[PDB]
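**Student:** The following file, upload-v7.pdb, comprises PDB, C-alpha atoms and all ligand atoms:
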```pdb
ATOM      1  CA  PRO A   1     139.406   1.993  56.398
ATOM      2  CA  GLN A   2     137.601   5.259  57.102
ATOM      3  CA  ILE A   3     137.230   5.703  60.793
ATOM      4  CA  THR A   4     134.433   7.863  62.032
ATOM      5  CA  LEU A   5     135.035  10.405  64.823
ATOM      6  CA  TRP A   6     131.586   9.969  66.329
ATOM      7  CA  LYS A   7     133.334   7.606  68.729
ATOM      8  CA  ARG A   8     136.923   7.423  70.070
ATOM      9  CA  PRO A   9     139.186   6.058  67.306
ATOM     10  CA  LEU A  10     140.254   2.936  69.171
ATOM     11  CA  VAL A  11     141.965   0.107  67.405
ATOM     12  CA  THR A  12     143.668  -3.129  68.265
ATOM     13  CA  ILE A  13     147.441  -3.089  68.259
ATOM     14  CA  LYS A  14     150.010  -5.805  68.807
ATOM     15  CA  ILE A  15     153.188  -4.772  70.626
ATOM     16  CA  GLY A  16     155.771  -6.887  72.341
ATOM     17  CA  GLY A  17     153.642  -9.945  71.601
ATOM     18  CA  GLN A  18     150.657  -8.418  73.394
ATOM     19  CA  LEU A  19     147.278  -7.252  72.120
ATOM     20  CA  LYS A  20     146.153  -3.888  73.350
ATOM     21  CA  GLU A  21     143.530  -1.267  72.511
ATOM     22  CA  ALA A  22     144.891   2.151  71.604
ATOM     23  CA  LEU A  23     143.695   5.525  70.370
ATOM     24  CA  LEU A  24     144.723   6.807  66.918
ATOM     25  CA  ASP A  25     145.760  10.211  68.163
ATOM     26  CA  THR A  26     146.608  13.027  65.781
ATOM     27  CA  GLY A  27     147.234  15.284  68.802
ATOM     28  CA  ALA A  28     150.202  13.197  70.035
ATOM     29  CA  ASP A  29     153.652  13.627  68.483
ATOM     30  CA  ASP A  30     154.811  10.224  69.786
ATOM     31  CA  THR A  31     153.284   6.923  70.764
ATOM     32  CA  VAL A  32     152.742   6.295  74.470
ATOM     33  CA  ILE A  33     151.840   2.870  75.897
ATOM     34  CA  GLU A  34     150.890   1.858  79.457
ATOM     35  CA  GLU A  35     153.512   0.089  81.516
ATOM     36  CA  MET A  36     154.878  -3.059  79.924
ATOM     37  CA  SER A  37     158.252  -4.627  79.265
ATOM     38  CA  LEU A  38     159.969  -4.116  75.896
ATOM     39  CA  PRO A  39     163.313  -5.550  74.820
ATOM     40  CA  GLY A  40     166.486  -3.506  74.305
ATOM     41  CA  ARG A  41     167.842  -0.194  75.413
ATOM     42  CA  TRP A  42     165.795   2.686  76.693
ATOM     43  CA  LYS A  43     166.320   6.129  78.139
ATOM     44  CA  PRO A  44     164.189   8.292  80.410
ATOM     45  CA  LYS A  45     162.048  11.097  79.121
ATOM     46  CA  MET A  46     159.433  13.557  80.444
ATOM     47  CA  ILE A  47     156.312  14.214  78.307
ATOM     48  CA  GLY A  48     153.614  16.690  79.119
ATOM     49  CA  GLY A  49     149.975  17.379  78.418
ATOM     50  CA  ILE A  50     146.885  18.522  80.185
ATOM     51  CA  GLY A  51     147.526  18.020  83.898
ATOM     52  CA  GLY A  52     151.315  18.222  83.568
ATOM     53  CA  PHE A  53     154.113  15.735  82.862
ATOM     54  CA  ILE A  54     154.783  12.020  83.291
ATOM     55  CA  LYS A  55     158.073  10.170  83.225
ATOM     56  CA  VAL A  56     158.381   7.524  80.511
ATOM     57  CA  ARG A  57     160.934   5.101  79.137
ATOM     58  CA  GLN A  58     161.858   5.781  75.497
ATOM     59  CA  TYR A  59     162.404   2.619  73.463
ATOM     60  CA  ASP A  60     163.528   3.132  69.865
ATOM     61  CA  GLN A  61     163.032   0.812  66.827
ATOM     62  CA  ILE A  62     159.990  -1.041  68.201
ATOM     63  CA  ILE A  63     157.614  -2.788  65.846
ATOM     64  CA  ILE A  64     153.881  -2.345  66.357
ATOM     65  CA  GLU A  65     151.061  -3.854  64.296
ATOM     66  CA  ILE A  66     148.262  -1.237  64.201
ATOM     67  CA  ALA A  67     144.871  -2.470  63.027
ATOM     68  CA  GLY A  68     146.856  -5.029  60.932
ATOM     69  CA  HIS A  69     149.435  -2.613  59.537
ATOM     70  CA  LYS A  70     153.081  -2.971  60.604
ATOM     71  CA  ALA A  71     155.049   0.138  61.610
ATOM     72  CA  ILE A  72     158.393   0.645  63.385
ATOM     73  CA  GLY A  73     159.426   3.598  65.519
ATOM     74  CA  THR A  74     159.867   4.979  69.003
ATOM     75  CA  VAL A  75     157.489   3.890  71.740
ATOM     76  CA  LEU A  76     157.304   5.694  75.055
ATOM     77  CA  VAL A  77     156.235   3.503  77.998
ATOM     78  CA  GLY A  78     154.852   4.916  81.208
ATOM     79  CA  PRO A  79     151.799   5.712  83.355
ATOM     80  CA  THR A  80     149.570   7.089  80.618
ATOM     81  CA  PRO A  81     145.844   6.698  81.336
ATOM     82  CA  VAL A  82     145.253   5.410  77.766
ATOM     83  CA  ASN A  83     147.365   3.809  75.062
ATOM     84  CA  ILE A  84     148.096   6.375  72.344
ATOM     85  CA  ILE A  85     149.284   5.822  68.782
ATOM     86  CA  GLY A  86     150.908   9.127  67.922
ATOM     87  CA  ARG A  87     151.948  10.722  64.666
ATOM     88  CA  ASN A  88     155.356   9.008  64.570
ATOM     89  CA  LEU A  89     153.545   5.731  63.806
ATOM     90  CA  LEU A  90     150.360   7.100  62.198
ATOM     91  CA  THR A  91     152.456   8.415  59.324
ATOM     92  CA  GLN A  92     153.934   4.979  58.701
ATOM     93  CA  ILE A  93     150.518   3.381  58.132
ATOM     94  CA  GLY A  94     149.518   6.238  55.777
ATOM     95  CA  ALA A  95     146.892   7.726  58.112
ATOM     96  CA  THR A  96     145.398  11.078  57.177
ATOM     97  CA  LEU A  97     142.746  13.428  58.537
ATOM     98  CA  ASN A  98     140.156  14.321  55.888
ATOM     99  CA  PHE A  99     137.302  16.790  55.762
TER     100      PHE A  99
ATOM    101  CA  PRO B   1     141.561  18.718  52.619
ATOM    102  CA  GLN B   2     143.634  15.640  53.232
ATOM    103  CA  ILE B   3     146.070  16.311  56.063
ATOM    104  CA  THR B   4     149.053  14.036  56.478
ATOM    105  CA  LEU B   5     150.666  13.731  59.896
ATOM    106  CA  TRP B   6     154.384  14.279  59.307
ATOM    107  CA  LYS B   7     153.843  17.683  61.017
ATOM    108  CA  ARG B   8     151.421  18.635  63.784
ATOM    109  CA  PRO B   9     147.950  19.208  62.256
ATOM    110  CA  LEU B  10     147.744  22.855  63.247
ATOM    111  CA  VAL B  11     144.991  25.018  61.802
ATOM    112  CA  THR B  12     143.664  28.505  62.261
ATOM    113  CA  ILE B  13     140.497  28.881  64.268
ATOM    114  CA  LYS B  14     138.369  31.984  64.757
ATOM    115  CA  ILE B  15     136.537  32.446  68.041
ATOM    116  CA  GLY B  16     135.305  35.682  69.570
ATOM    117  CA  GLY B  17     136.454  37.477  66.375
ATOM    118  CA  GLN B  18     140.050  36.448  67.061
ATOM    119  CA  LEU B  19     142.299  34.155  65.057
ATOM    120  CA  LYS B  20     144.121  31.491  67.053
ATOM    121  CA  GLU B  21     146.147  28.393  66.209
ATOM    122  CA  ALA B  22     144.839  24.998  67.327
ATOM    123  CA  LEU B  23     145.734  21.349  66.992
ATOM    124  CA  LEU B  24     143.291  18.877  65.374
ATOM    125  CA  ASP B  25     143.213  16.234  68.134
ATOM    126  CA  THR B  26     141.445  12.901  67.494
ATOM    127  CA  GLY B  27     142.568  11.698  70.964
ATOM    128  CA  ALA B  28     140.393  14.356  72.694
ATOM    129  CA  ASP B  29     136.633  13.983  73.155
ATOM    130  CA  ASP B  30     136.397  17.736  73.840
ATOM    131  CA  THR B  31     137.803  21.053  72.628
ATOM    132  CA  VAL B  32     140.074  22.860  75.081
ATOM    133  CA  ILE B  33     141.290  26.442  74.528
ATOM    134  CA  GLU B  34     143.605  28.657  76.573
ATOM    135  CA  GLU B  35     142.184  31.364  78.855
ATOM    136  CA  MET B  36     140.027  33.853  76.969
ATOM    137  CA  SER B  37     136.778  35.649  77.442
ATOM    138  CA  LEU B  38     133.591  34.019  76.111
ATOM    139  CA  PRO B  39     130.006  35.150  76.432
ATOM    140  CA  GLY B  40     127.287  33.606  78.552
ATOM    141  CA  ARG B  41     127.281  31.265  81.512
ATOM    142  CA  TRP B  42     129.735  28.464  82.096
ATOM    143  CA  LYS B  43     129.528  25.150  83.915
ATOM    144  CA  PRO B  44     132.295  23.232  85.655
ATOM    145  CA  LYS B  45     134.080  20.273  84.153
ATOM    146  CA  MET B  46     137.071  18.146  85.121
ATOM    147  CA  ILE B  47     139.226  16.616  82.442
ATOM    148  CA  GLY B  48     141.879  13.983  83.028
ATOM    149  CA  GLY B  49     144.734  14.434  80.580
ATOM    150  CA  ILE B  50     148.022  12.624  80.415
ATOM    151  CA  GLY B  51     149.498  14.256  83.550
ATOM    152  CA  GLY B  52     146.420  14.502  85.792
ATOM    153  CA  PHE B  53     143.130  16.343  86.148
ATOM    154  CA  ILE B  54     142.425  20.006  85.532
ATOM    155  CA  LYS B  55     139.360  22.153  86.067
ATOM    156  CA  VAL B  56     138.026  23.998  83.033
ATOM    157  CA  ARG B  57     135.130  26.326  82.277
ATOM    158  CA  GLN B  58     132.554  24.779  79.948
ATOM    159  CA  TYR B  59     130.795  27.174  77.559
ATOM    160  CA  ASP B  60     128.112  25.682  75.357
ATOM    161  CA  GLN B  61     126.830  26.685  71.913
ATOM    162  CA  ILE B  62     129.879  28.869  71.051
ATOM    163  CA  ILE B  63     130.463  29.966  67.433
ATOM    164  CA  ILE B  64     133.867  28.835  66.257
ATOM    165  CA  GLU B  65     135.387  28.519  62.771
ATOM    166  CA  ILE B  66     137.913  25.715  62.267
ATOM    167  CA  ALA B  67     140.130  25.751  59.173
ATOM    168  CA  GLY B  68     137.406  27.769  57.447
ATOM    169  CA  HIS B  69     134.564  25.440  58.500
ATOM    170  CA  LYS B  70     131.783  26.769  60.715
ATOM    171  CA  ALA B  71     130.952  25.010  63.967
ATOM    172  CA  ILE B  72     128.759  25.879  66.967
ATOM    173  CA  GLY B  73     129.345  23.850  70.098
ATOM    174  CA  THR B  74     131.038  23.340  73.412
ATOM    175  CA  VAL B  75     134.362  24.944  74.187
ATOM    176  CA  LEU B  76     136.278  24.211  77.371
ATOM    177  CA  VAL B  77     138.569  27.024  78.646
ATOM    178  CA  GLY B  78     141.519  26.181  80.887
ATOM    179  CA  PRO B  79     145.328  25.567  80.999
ATOM    180  CA  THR B  80     146.358  23.294  78.131
ATOM    181  CA  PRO B  81     149.816  23.122  76.450
ATOM    182  CA  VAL B  82     148.105  24.046  73.148
ATOM    183  CA  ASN B  83     144.581  24.775  71.948
ATOM    184  CA  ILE B  84     143.051  21.434  70.936
ATOM    185  CA  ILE B  85     140.085  20.759  68.662
ATOM    186  CA  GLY B  86     138.470  17.570  69.900
ATOM    187  CA  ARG B  87     135.941  15.167  68.427
ATOM    188  CA  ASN B  88     132.920  17.246  69.424
ATOM    189  CA  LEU B  89     133.916  19.819  66.777
ATOM    190  CA  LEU B  90     135.889  17.543  64.431
ATOM    191  CA  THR B  91     132.579  15.786  63.786
ATOM    192  CA  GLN B  92     130.917  19.114  63.039
ATOM    193  CA  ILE B  93     133.439  19.863  60.287
ATOM    194  CA  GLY B  94     133.065  16.360  58.806
ATOM    195  CA  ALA B  95     136.476  14.958  59.742
ATOM    196  CA  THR B  96     137.422  11.317  59.526
ATOM    197  CA  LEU B  97     140.683   9.371  59.820
ATOM    198  CA  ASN B  98     141.632   7.311  56.821
ATOM    199  CA  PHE B  99     144.301   4.724  56.072
TER     200      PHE B  99
HETATM  201  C1  LIG A 101     140.525   7.971  75.581
HETATM  202  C2  LIG A 101     139.787   8.415  76.645
HETATM  203  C3  LIG A 101     139.803   7.980  77.898
HETATM  204  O1  LIG A 101     138.966   8.847  78.600
HETATM  205  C4  LIG A 101     138.932   9.981  77.850
HETATM  206  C5  LIG A 101     138.224  11.267  78.219
HETATM  207  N1  LIG A 101     139.159  12.406  78.020
HETATM  208  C6  LIG A 101     139.963  12.857  79.172
HETATM  209  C7  LIG A 101     139.167  13.017  76.857
HETATM  210  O2  LIG A 101     138.575  12.658  75.851
HETATM  211  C8  LIG A 101     140.013  14.263  76.697
HETATM  212  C9  LIG A 101     139.451  15.538  76.698
HETATM  213  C10 LIG A 101     140.240  16.638  76.434
HETATM  214  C11 LIG A 101     141.631  16.472  76.203
HETATM  215  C12 LIG A 101     142.181  15.200  76.197
HETATM  216  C13 LIG A 101     143.677  14.978  75.909
HETATM  217  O3  LIG A 101     144.449  15.665  76.461
HETATM  218  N2  LIG A 101     143.921  13.974  75.030
HETATM  219  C14 LIG A 101     145.309  13.511  74.785
HETATM  220  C15 LIG A 101     145.249  11.973  74.734
HETATM  221  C16 LIG A 101     144.693  11.483  76.056
HETATM  222  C17 LIG A 101     143.432  10.887  76.034
HETATM  223  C18 LIG A 101     142.832  10.526  77.278
HETATM  224  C19 LIG A 101     143.506  10.662  78.491
HETATM  225  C20 LIG A 101     144.789  11.213  78.471
HETATM  226  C21 LIG A 101     145.381  11.630  77.254
HETATM  227  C22 LIG A 101     145.813  14.161  73.480
HETATM  228  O4  LIG A 101     145.114  13.596  72.334
HETATM  229  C23 LIG A 101     147.333  13.880  73.299
HETATM  230  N3  LIG A 101     148.099  14.725  74.194
HETATM  231  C24 LIG A 101     148.748  15.949  73.730
HETATM  232  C25 LIG A 101     147.752  17.136  73.532
HETATM  233  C26 LIG A 101     147.122  17.597  74.843
HETATM  234  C27 LIG A 101     148.578  18.271  72.883
HETATM  235  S1  LIG A 101     148.896  13.979  75.420
HETATM  236  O5  LIG A 101     148.164  12.724  75.666
HETATM  237  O6  LIG A 101     149.082  14.948  76.509
HETATM  238  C28 LIG A 101     150.506  13.562  74.842
HETATM  239  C29 LIG A 101     150.695  12.440  74.077
HETATM  240  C30 LIG A 101     151.971  12.131  73.663
HETATM  241  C31 LIG A 101     153.065  12.892  74.024
HETATM  242  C32 LIG A 101     154.459  12.448  73.512
HETATM  243  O7  LIG A 101     154.600  13.115  72.225
HETATM  244  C33 LIG A 101     152.892  14.016  74.828
HETATM  245  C34 LIG A 101     151.592  14.352  75.232
HETATM  246  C35 LIG A 101     141.346  14.073  76.360
HETATM  247  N4  LIG A 101     139.298   9.659  76.617
HETATM  248 CL    CL A 102     159.799   7.305  65.555
HETATM  249 CL    CL A 103     152.459  10.365  52.957
HETATM  250 CL    CL A 104     129.610  20.243  71.194
HETATM  251 NA    NA A 105     165.570  -0.297  70.718
HETATM  252 NA    NA A 106     126.642  29.267  76.209
END
```
Could you express the structure from this file as structure tokens?
Ligand SMILES: Cc1coc(CN(C)C(=O)c2cccc(C(=O)N[C@@H](Cc3ccccc3)[C@H](O)CN(CC(C)C)S(=O)(=O)c3ccc(CO)cc3)c2)n1
Ligand SMILES: [Cl-]
Ligand SMILES: [Cl-]
Ligand SMILES: [Cl-]
Ligand code: NA
Ligand code: NA
**Tutor:**
Amino acid sequence: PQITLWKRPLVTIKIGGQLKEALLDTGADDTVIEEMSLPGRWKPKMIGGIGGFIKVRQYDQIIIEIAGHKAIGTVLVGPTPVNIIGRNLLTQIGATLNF
Amino acid sequence: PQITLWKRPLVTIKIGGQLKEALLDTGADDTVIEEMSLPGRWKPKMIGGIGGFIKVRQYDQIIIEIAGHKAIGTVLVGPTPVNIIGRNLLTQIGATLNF
């Protein structure tokens, strides 16, 4: 699809068996999801943005379905105010910015 | 152009006669630039990023070139990890996300 930027680029994702709404976010290196359980190993990480840093759990090799496209990669889980699909998964679905 | 996302989508902007680097950021409603001098009056705004809220200075109707495209619109000045071009100016330059 071509997604307009008149509105926030929110899509439906499926992760860990759960449906969520998330932003397609070219400004985020990595994907960050609000608190949820994921299977397997994780390690702690600090990620920062406007307002400072939050602590997250880094889970590697997690499958997401993003607007119907499957992608695998790292997912950071923690107290983000919005679910963010970052570049590590945007690349895998072939997303580009065009103007 | 068509910009893939394997790297950060950094571009050159020109504001106040000065070249700066900025990140094309579809996850931001607004454009936020590091401390600099801009003409005119400003208004207060709070923005809630990933780590909490910051105060910024809102300047409206500012001339800014983005990757060689001319825009005129609102620029928020305050402490951000990187200059970010949000949807208010991505729409002015005709940007969309595509997959
Ligand atoms: C989606 C939505 C909810 O309410 C809002 C309003 N709002 C605060 C904005 O539109 C707004 C305005 C100006 C800047 C930002 C803003 O900072 N947006 C971020 C995504 C994001 C969206 C909403 C809340 C929190 C974080 C941004 O797109 C991604 N961010 C990095 C950027 C600042 C270099 S980040 O969220 O801090 C971030 C994401 C991922 C990592 C791990 O690589 C590290 C940091 C967002 N939008
Ligand atoms: Cl990854
Ligand atoms: Cl590609
Ligand atoms: Cl504007
Ligand atoms: Na894993
Ligand atoms: Na003004």
**Student:** Expand the PyMOL selection byres (((chain A and resi 2) around 7) and not hetatm) into the explicit residue set it covers here, and present it as a PDB file with C-alpha atoms, keeping the file's coordinate frame.
**Tutor:**
```pdb
ATOM      1  CA  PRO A   1     139.406   1.993  56.398  1.00  0.00           C
ATOM      2  CA  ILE A   3     137.230   5.703  60.793  1.00  0.00           C
ATOM      3  CA  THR A   4     134.433   7.863  62.032  1.00  0.00           C
TER       4      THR A   4
ATOM      5  CA  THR B  96     137.422  11.317  59.526  1.00  0.00           C
ATOM      6  CA  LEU B  97     140.683   9.371  59.820  1.00  0.00           C
ATOM      7  CA  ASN B  98     141.632   7.311  56.821  1.00  0.00           C
ATOM      8  CA  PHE B  99     144.301   4.724  56.072  1.00  0.00           C
TER       9      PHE B  99
END
```
**Student:** Set the cut-off to 10 Å and count all atoms listed in the file: what are the residues of chain A that reach chain B? Output as a PyMOL selection string.
**Tutor:** chain A and resi 1-10+22-29+32+47-55+69+79-82+84-99
**Student:** Could you check how far atom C18 of ligand LIG 101 (chain A) sits from atom CA of residue B:74, in Å to one decimal?
**Tutor:**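 Result for atom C18 of ligand LIG 101 (chain A) versus atom CA of residue B:74: 17.8 Å, one decimal.
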**Student:** Using all atoms listed in the file, which protein or nucleic acid residues are at most 8 Å from ligand NA 105 (chain A), as a list in words?
**Tutor:** residues 39, 40, 41, 42, 59, 60, 61, 62 and 74 of chain A
**Student:** Chain A least-squares fit onto chain B, all C-alpha atoms in order: RMSD in Å?
**Tutor:**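 Between chain B and chain A, the C-alpha RMSD is 0.6 Å.
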**Student:** What is the distance, in Å and to one decimal place, between atom CA of residue B:30 and atom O3 of ligand LIG 101 (chain A)?
**Tutor:**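 If I compute the distance from atom CA of residue B:30 to atom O3 of ligand LIG 101 (chain A), I get 8.7 Å.
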**Student:** If the PyMOL selection byres (((chain A and resi 13) around 6) and not hetatm) were run on this exact file, what residues would it hold? Put them as a PyMOL selection string.
**Tutor:** chain A and resi 12+14+19-20+65-67
**Student:** Around all the atoms of stretch 75-79 of chain B listed in the file, draw an axis-aligned box and extend it by 8 Å on each of the six sides; I want its centre and edge lengths in Å to one decimal, as AutoDock Vina command-line options.
**Tutor:**
```
--center_x 139.8 --center_y 25.6 --center_z 77.6 --size_x 27.0 --size_y 18.8 --size_z 22.8
```
**Student:** Any idea what the distance is between atom CA of residue A:45 and atom CA of residue B:76?
**Tutor:**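 Going from atom CA of residue A:45 over to atom CA of residue B:76 covers 29.0 Å.
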**Student:** Taking into account only C-alpha atoms and all ligand atoms, which residue in the set B:11, B:77, B:71, B:38 is nearest to ligand CL 104 (chain A)?
**Tutor:** B:71
**Student:** Using all atoms listed in the file, which residue out of A:72, A:31, A:63, A:58 lies closest to ligand LIG 101 (chain A)?
**Tutor:**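 For ligand LIG 101 (chain A), the nearest of the candidates is A:31.
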**Student:** Write stretch 18-29 of chain B as a PDB file, keeping the file's coordinate frame, completed to N, CA, C and O atoms.
**Tutor:**
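Generated file (selection.pdb):
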```
ATOM      1  N   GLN B  18     138.584  36.503  67.006  1.00  0.00           N
ATOM      2  CA  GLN B  18     140.050  36.448  67.061  1.00  0.00           C
ATOM      3  C   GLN B  18     140.567  35.200  66.387  1.00  0.00           C
ATOM      4  O   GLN B  18     140.010  34.126  66.582  1.00  0.00           O
ATOM      5  N   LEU B  19     141.650  35.313  65.632  1.00  0.00           N
ATOM      6  CA  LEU B  19     142.299  34.155  65.057  1.00  0.00           C
ATOM      7  C   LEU B  19     143.248  33.563  66.108  1.00  0.00           C
ATOM      8  O   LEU B  19     144.029  34.265  66.800  1.00  0.00           O
ATOM      9  N   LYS B  20     143.228  32.227  66.179  1.00  0.00           N
ATOM     10  CA  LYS B  20     144.121  31.491  67.053  1.00  0.00           C
ATOM     11  C   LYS B  20     144.603  30.248  66.299  1.00  0.00           C
ATOM     12  O   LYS B  20     143.976  29.837  65.324  1.00  0.00           O
ATOM     13  N   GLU B  21     145.701  29.658  66.763  1.00  0.00           N
ATOM     14  CA  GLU B  21     146.147  28.393  66.209  1.00  0.00           C
ATOM     15  C   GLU B  21     145.672  27.250  67.089  1.00  0.00           C
ATOM     16  O   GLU B  21     145.655  27.413  68.330  1.00  0.00           O
ATOM     17  N   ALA B  22     145.295  26.137  66.516  1.00  0.00           N
ATOM     18  CA  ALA B  22     144.839  24.998  67.327  1.00  0.00           C
ATOM     19  C   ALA B  22     145.224  23.700  66.631  1.00  0.00           C
ATOM     20  O   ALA B  22     145.392  23.659  65.406  1.00  0.00           O
ATOM     21  N   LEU B  23     145.301  22.665  67.435  1.00  0.00           N
ATOM     22  CA  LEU B  23     145.734  21.349  66.992  1.00  0.00           C
ATOM     23  C   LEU B  23     144.532  20.430  66.794  1.00  0.00           C
ATOM     24  O   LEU B  23     143.719  20.251  67.741  1.00  0.00           O
ATOM     25  N   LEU B  24     144.386  19.845  65.598  1.00  0.00           N
ATOM     26  CA  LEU B  24     143.291  18.877  65.374  1.00  0.00           C
ATOM     27  C   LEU B  24     143.652  17.606  66.128  1.00  0.00           C
ATOM     28  O   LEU B  24     144.706  16.990  65.888  1.00  0.00           O
ATOM     29  N   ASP B  25     142.808  17.218  67.094  1.00  0.00           N
ATOM     30  CA  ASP B  25     143.213  16.234  68.134  1.00  0.00           C
ATOM     31  C   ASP B  25     142.204  15.103  68.240  1.00  0.00           C
ATOM     32  O   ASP B  25     141.249  15.163  69.007  1.00  0.00           O
ATOM     33  N   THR B  26     142.424  14.009  67.462  1.00  0.00           N
ATOM     34  CA  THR B  26     141.445  12.901  67.494  1.00  0.00           C
ATOM     35  C   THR B  26     141.461  12.143  68.806  1.00  0.00           C
ATOM     36  O   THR B  26     140.510  11.407  69.070  1.00  0.00           O
ATOM     37  N   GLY B  27     142.491  12.353  69.637  1.00  0.00           N
ATOM     38  CA  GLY B  27     142.568  11.698  70.964  1.00  0.00           C
ATOM     39  C   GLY B  27     141.831  12.495  72.056  1.00  0.00           C
ATOM     40  O   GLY B  27     141.942  12.101  73.246  1.00  0.00           O
ATOM     41  N   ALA B  28     141.129  13.570  71.714  1.00  0.00           N
ATOM     42  CA  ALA B  28     140.393  14.356  72.694  1.00  0.00           C
ATOM     43  C   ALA B  28     138.886  14.277  72.399  1.00  0.00           C
ATOM     44  O   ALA B  28     138.476  14.571  71.248  1.00  0.00           O
ATOM     45  N   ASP B  29     138.083  13.946  73.380  1.00  0.00           N
ATOM     46  CA  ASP B  29     136.633  13.983  73.155  1.00  0.00           C
ATOM     47  C   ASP B  29     136.160  15.427  72.952  1.00  0.00           C
ATOM     48  O   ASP B  29     135.176  15.666  72.244  1.00  0.00           O
TER      49      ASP B  29
END
```
